[PDB]
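Note sheet for the following structure.
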Amino acid sequence: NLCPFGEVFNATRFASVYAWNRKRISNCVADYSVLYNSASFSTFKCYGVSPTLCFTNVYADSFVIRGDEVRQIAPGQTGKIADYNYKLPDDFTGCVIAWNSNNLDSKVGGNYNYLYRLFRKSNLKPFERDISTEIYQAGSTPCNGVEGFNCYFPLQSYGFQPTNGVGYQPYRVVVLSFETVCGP
Amino acid sequence: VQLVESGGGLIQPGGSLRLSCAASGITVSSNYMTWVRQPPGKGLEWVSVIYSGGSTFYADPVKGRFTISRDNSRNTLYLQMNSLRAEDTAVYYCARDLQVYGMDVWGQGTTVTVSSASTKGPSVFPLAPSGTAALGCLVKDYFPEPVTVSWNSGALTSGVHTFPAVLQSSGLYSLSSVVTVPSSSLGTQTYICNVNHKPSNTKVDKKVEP
Amino acid sequence: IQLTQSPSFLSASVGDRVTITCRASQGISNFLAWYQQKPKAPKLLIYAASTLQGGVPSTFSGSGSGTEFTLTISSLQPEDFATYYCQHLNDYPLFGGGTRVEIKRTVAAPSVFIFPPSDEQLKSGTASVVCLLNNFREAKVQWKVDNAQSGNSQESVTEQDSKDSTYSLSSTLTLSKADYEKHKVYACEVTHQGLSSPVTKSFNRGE
Ligand SMILES: *[C@@H]1O[C@H](CO)[C@@H](O)[C@H](O)[C@H]1NC(C)=O
């Protein structure tokens, strides 16, 4: 039975990096050539493996980030997305694939539905997802649920706009992590 | 509430200085903390940022020479500047960057001067006259910057233009102080410029006469 | 990636409307901030292009999304006279060149004075010739030696006067005593709007 990669890649709606989606691909056969030979990808970075196997489980994590932020979807990277949104491990065996989504995820006036965490006290551990909407305490006084000075909402929108520069344009990113699944 | 900067001074090319930003009303660890510099007469430039999680980013000019640091116990942010160069001469500002909400809290500033020059007091020469008349003193060949020029021990305050100082190839500063006076008074009134350069303990009183 | 603040210098009077424009090379949406610096620490006025920071007067407004952004002061007030900077809100923060808002006044022609090198300095071996332009902002000084000068000149401009709202400029021509002794006529030619024709003040060495 073929692996359901189309569902992840051709999904109508992707998710915010803060709440990235994970699809477990198990008990299936997969041709990775079709994906590589699509030619629709800006980034096809594979770490620990060549273009060419067999793995216990395959995970397909998917989200939307800016183009200037795809660099952070790699092992050993630092930044707001890597540190506080999605982290790839230093020991990473897998492939990171990406494409521009301006036509789909950008709206005149801006798309305020894709959010990110700008505020977190600590860097995220690998493959951790924080979906907390708690108000951040940037100072001594406890925030107590009220936004204000030193009391701020941790999640912010990208406001993707079609006139945005490509680096600030939305990119759809699928991370294939290799941990039932074999090539043809 | 307040961000207080300290540590600025005079240093020579290749030297090292550490600047401190002491915070009240914000937590340095809980916030994105930034260093911004204003080269003299040139406007604002970013240098570095420490993130809440420890991630440090630096501007390409200061990349292998500067390190941003924090002490949560003292609520203090630091910039260690090493391999300093003349181009690193500026007023260094510390700020809290709420990234999408702007850099709201800023510090007063600390001045860093990097020069190969040595403290020298001013050589004061007369700028002398030939309607209205102009007479002046040239304060020349001095380092470091603070210079004060007064006329008639503070009694001549009108028509006085003490000009901003310029930096010469020598590495030394020169300024001019001028006063416009009635042509008639030139033979009736004494005009003495009183110049102080506290760095060399040089006080000079020079009489300008036609 | 490139931010250009267009009116580097602006002249206006209290109650006037002042518009400052910041242009980005590429679309940055609403990611811009506006700051004011009096000669002392920049102050944040506007974040997200249109949002006022608390306490900032309503006379202050932000507009723009994408490539072109503008800061507008509805009625300039005495304390609003200062320098204004646009910042791009990005992981790599960028600031604009800056805009200085200055008090407008009627055109005042400069008073031009030339001061010859002091005999005391000439003993040292350097000659400094000084030209004063008093109570005039755009002015041009041309040093001419024997009707001929570039690269031996430096100049300074005073900040606007509290009472006359005018500017003063000083220029120094630095020459070796030996070079000074190789020419006779030393002049300062000044071009300003108030001057209908350029004014030259000259001295002949040794009179
Ligand atoms: C998505 O749709 C295209 C339609 O031609 C198809 O070729 C592709 O296999 C689908 N899935 C993937 C993996 O992109």
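Chains as they are written, first to last, in my numbering: chain A, 1 to 184; chain B, 1 to 210; chain C, 1 to 207. Heads up, the beta-carbon is just placed ideally off N, CA and C, and yes, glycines get one too.
Asked, Found
"At 8 Å on the CB atoms, spell out the chain A contacts of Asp91 (chain C), in chain order.", "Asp68, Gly79, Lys80"
"How would you write the range of the beta strand (DSSP E) that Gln189 (chain B) sits in, first residue to last?", "Counting along the chain, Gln189 (chain B) falls outside any beta strand (DSSP E), and DSSP gives it neither H nor E."
"Relative to chain F, which residues along the segment 115 to 139 of chain A have a C-beta separation below 8 Å, given in chain order?", "Protein chains A, B and C are contained in the structure displayed, whereas chain F is not."
"With a threshold of 7 Å between beta-carbons, can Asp105 (chain A) be considered close to chain B, or not?", "no"
"Can you give the Cα-Cα distance for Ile28 (chain C) and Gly66 (chain C), rounded to whole angstroms?", "5 Å"
"Should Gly6 (chain A) be counted as a contact of ligand 1 given a C-beta to heavy atom distance under 6 Å?", "yes"
"Does any residue of chain C have a CB that is nearer than 7 Å to the CB of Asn150 (chain A)?", "no"
"Would you list the residues sitting across from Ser150 (chain B) in a DSSP beta bridge?", "B:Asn194"
"Closest to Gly187 (chain B) by CA distance: which of B:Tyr173, B:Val105, B:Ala133, B:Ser73 is it?", "B:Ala133"
"Return yes when the C-beta of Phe9 (chain A) is under 6 Å from any heavy atom of ligand 1, and no when it is not.", "yes"
"According to DSSP, simplified to helix, strand and coil, what is residue 208 (chain C)?", "Not covered by the structure: residue 208 (chain C). The range shown for chain C is 1 to 207."
"Would you kindly work out how many angstroms separate the C-alpha atoms of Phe41 (chain A) and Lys42 (chain B), rounded to a whole number?", "43 Å"
"Can you give the Cα-Cα distance for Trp106 (chain B) and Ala22 (chain B), rounded to whole angstroms?", "11 Å"
"What's the C-alpha gap between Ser8 (chain C) and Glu5 (chain B)?", "29 Å"
"Which residues bound the beta strand (DSSP E) around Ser20 (chain B)?", "17 to 24"
"What is the rounded straight-line gap between the Cα of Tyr173 (chain B) and the Cα of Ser185 (chain B)?", "32 Å"
"What does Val145 (chain C) pair with, by DSSP beta-bridge criteria?", "C:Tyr186"
"With 7 Å as the threshold, decide whether the Cβ of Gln2 (chain C) is near any Cβ in chain A.", "no"
"Tell me the residue span of the beta strand (DSSP E) that contains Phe9 (chain C).", "9 to 12"
"Please determine, among A:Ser38, A:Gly110, A:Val34, A:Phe178, the residue with the shortest C-alpha to C-alpha distance to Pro170 (chain A).", "A:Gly110"
"Where are the beta strand (DSSP E) runs, 3 residues long or more, that stay fully inside the segment 54 to 105 of chain C, in chain order?", "60 to 64, 68 to 73, 83 to 88, 99 to 103"
"Flag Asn31 (chain B) as yes if its beta-carbon sits less than 7 Å from any beta-carbon of chain A, otherwise no.", "yes"
"In three-state DSSP terms, what is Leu84 (chain B)?", "coil"
"Restricting to Cα atoms, I'd like to know which of A:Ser157, A:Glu179, A:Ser50 is closest to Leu118 (chain A).", "A:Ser157"
"Can you give me the Cβ contacts of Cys22 (chain C) inside the same chain, cut-off strictly under 7 Å, excluding the 5 residues immediately before and after it?", "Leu3, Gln5, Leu32, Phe69, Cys86, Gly96"
"Residues in its own chain within less than 6 Å of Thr180 (chain A) by CB, not counting five upstream and five downstream?", "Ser26, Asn27"
"If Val195 (chain B) sits next to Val147 (chain B), beta carbons under 8 Å apart, how far is it from one beta carbon to the other, in whole angstroms?", "7 Å"
"Ligand 2 and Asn21 (chain A): does any heavy atom of the ligand fall closer than 6 Å to the residue's C-beta?", "Although ligand 2 was asked about, the structure shown includes only ligand 1 as ligands."
"Can you pull the DSSP bridge partners for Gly107 (chain B)?", "Looking at the DSSP assignment, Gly107 (chain B) forms no beta bridge with any residue, so it has no partner."
"Are the C-beta of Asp90 (chain A) and some C-beta of chain B separated by less than 7 Å?", "no"
"Does any residue of chain A have a CB that is nearer than 7 Å to the CB of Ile50 (chain B)?", "no"
"For a test of the three-state rule: what should DSSP assign to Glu155 (chain C), helix, strand or coil?", "strand"
"List the endpoints of the continuous beta strand (DSSP E) containing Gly94 (chain A).", "94 to 100"
"Could you say if the segment 106 to 120 of chain C and the segment 118 to 137 of chain B meet the contact criterion of at least three C-beta pairs nearer than 8 Å?", "yes"
"Nearest by alpha-carbon distance to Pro129 (chain B): which of C:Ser202, C:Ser153, C:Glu79 is it?", "C:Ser202"
"Which residues does DSSP list as the beta-bridge partners of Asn134 (chain C)?", "C:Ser111"
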